[PDB]
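One structure is given below, encoded as structure tokens.
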Number of protein chains: 2
Amino acid sequence: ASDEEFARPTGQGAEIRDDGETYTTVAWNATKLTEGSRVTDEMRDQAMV
Amino acid sequence: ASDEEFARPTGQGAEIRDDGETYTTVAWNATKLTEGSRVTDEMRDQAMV
Ligand SMILES: [Mg+2]
Ligand SMILES: [Mg+2]
Ligand SMILES: [Mg+2]
């Protein structure tokens with residue numbers, strides 16, 4: 001969203017004027033982070049941990 | 001079928017190699033064994049047996 005502004009000093013019976021929210025955007029591009037580990041079956045079985 | 005073999009001493013994490021059951025045949029080829037005998041009608045009549 002656009003930064004906040006201030007409402008306007010207005011006469012009685014006078015038109016309420018427009019200062020609408022103007023918009024922009026920021027892009028995301030999510031990078032894949034990966035880590036693996038390999039263990040032998042013998043190691044997986046024998047570990048105390 | 002092929003003969004039994006001995007399983008292979010292997011490292012950990014190493015590929016288990018293929019030595020699958022292997023097959024052959026022995027082909028039979030049945031050979032016609034034949035035997036003939038001929039006798040005349042006079043021989044057949046005159047013989048005691
Ligand atoms: Mg007007
Ligand atoms: Mg403005
Ligand atoms: Mg073999």
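Each chain gets a letter, A, B and so on, in the order its sequence line appears, and its residues count up from 1. Just follow the structure's listing: the first ligand is 1, and inside any ligand the first atom is 1.
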Checklist outcome for this item: Correct closest heavy-atom pair for B:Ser2 and B:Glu21 would be O-OE2, 4.3 Å
Checklist outcome for this item: OG1 of B:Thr10 to CD of B:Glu15, rounded to nearest 0.5 Å, is 11.0 Å
Checklist entry - Say you draw a straight line from CZ of A:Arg8 to CG of A:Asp19; how long is it, rounded to the nearest 0.5 Å? => result 8.0 Å
Item to check | Partners passing side-chain hydrogen bond (donor to acceptor under 3.5 Å, both in side chains) against B:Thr40 (at least two apart in sequence or in another chain) | outcome: B:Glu42
Checklist entry - So which protein N/O/S atoms does the Mg ion (ligand 2) have within less than 2.8 Å? => result A:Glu5 OE1, A:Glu5 OE2, A:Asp19 OD2
